[PDB]
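Undergrad: Pasting in a structure now, in structure tokens, and then I'll have a few things to ask.
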């Protein structure tokens, strides 16, 4: 597609202003914490970037990248700064540069993790704005599901 | 079919009417249970209410904010919980073809 980014585009390569728009979405209801907490450890990022290529249950056997403690450092540092400081922005700044070789997170990995945590506002934004793709499917039950009119 | 705006985009005036109405009825717990919000989300609403804030507005902040739900989906929720006066308050942001259910 004639999209700005591809599933294989690393988050650090995404325009800072684009990441910022995503950050403000994740700042709501402190959703950045939910995403940060489920980031699988040791993912073959490039292999997991394609649609349906990130098997969450399989990936988590290797554990999670961050702990409840790594999440605090973001809260701590941001709390020292003014109330309008984006914690999601700090979270992504740390995550985007993390890893070594094929460990740097990508747009495709982000999208699938957003879906796993039911962060649909962020996921829809990444799908449409970043990938020019259609919004991901919703579950049948739970807070993320649609409601039909009888 | 669903060309309605996101709940998060609802103009403040209509949103204030809706929330004031839902708060008076005290149906936030019913709303939260109906969409199966998680314990932390439920507590966040209860918490905001104890602090003198609108319980229903907080519900919209959570359900509409994180899940990016539309006004039509909100209309359907009200319909399921038979909150007809709530449906009427947002009829202008939903297709006229749905006004039959009000």
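Undergrad: Here is a check on your reading of the model: is residue B:18 closer than 18 Å to residue A:142 by Cα, assigned to a helix (DSSP H, G or I) and out of contact with any strand residue (DSSP E or B) (no Cβ under 7 Å at 6 or more places or on another chain)?
TA: no
Undergrad: For the range B:2-15, name all the residues that are outside any helix (DSSP H, G or I), touching a residue at least 12 places away in the same chain (Cβ under 8 Å) and out of contact with any strand residue (DSSP E or B) (no Cβ under 9 Å at 6 or more places or on another chain). So that I can check it myself, show each step before the final result.
TA: In the first step, residues of the range B:2-15 are kept if they are outside any helix (DSSP H, G or I); the result is B:2-6, B:10-11.
If we keep only those that are touching a residue at least 12 places away in the same chain (Cβ under 8 Å) as well, we get B:2-6, B:10.
Matches in the range B:2-15: B:10 only.
Undergrad: Name the helices (runs of 4 or more DSSP H) wholly inside the range A:11-122 in which the number of residues that are in contact (Cβ under 8 Å) with a residue 24 or more places away in the chain, out of contact with any strand residue (DSSP E or B) (no Cβ under 8 Å at 6 or more places or on another chain) and away from every other protein chain (no Cβ under 14 Å) is 3 or more.
TA: Numbers: elements: A:16-27, A:31-38, A:45-49, A:56-59, A:68-80, A:87-96, A:107-116.
Once the helices (runs of 4 or more DSSP H) in the range A:11-122 are filtered for at least 3 residues that are in contact (Cβ under 8 Å) with a residue 24 or more places away in the chain, out of contact with any strand residue (DSSP E or B) (no Cβ under 8 Å at 6 or more places or on another chain) and away from every other protein chain (no Cβ under 14 Å), what remains is A:16-27, A:68-80, A:87-96, A:107-116.
Undergrad: Do we have residue B:66 as more than 8 Å from every other protein chain (Cβ to nearest Cβ), out of contact with any strand residue (DSSP E or B) (no Cβ under 9 Å at 6 or more places or on another chain) and in a helix (DSSP H, G or I) here?
TA: Details: more than 8 Å from every other protein chain (Cβ to nearest Cβ): no; out of contact with any strand residue (DSSP E or B) (no Cβ under 9 Å at 6 or more places or on another chain): yes; in a helix (DSSP H, G or I): yes.
For residue B:66, the condition - more than 8 Å from every other protein chain (Cβ to nearest Cβ), out of contact with any strand residue (DSSP E or B) (no Cβ under 9 Å at 6 or more places or on another chain) and in a helix (DSSP H, G or I) - is not met.
Undergrad: From the list B:22, B:81, pick out the single residue that is more than 14 Å from chain A (Cβ to nearest Cβ) and either in contact (Cβ under 8 Å) with a residue 40 or more places away in the chain or closer than 19 Å to residue A:144 by Cβ (or both).
TA: None of the others qualify; the one that does is B:22.
Positions of Cβ are backbone-derived with ideal geometry, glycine not excepted, and every protein chain shown enters the neighbour counts. Laboratory data are not the source of any read-out in this text; all were calculated from the coordinates shown.
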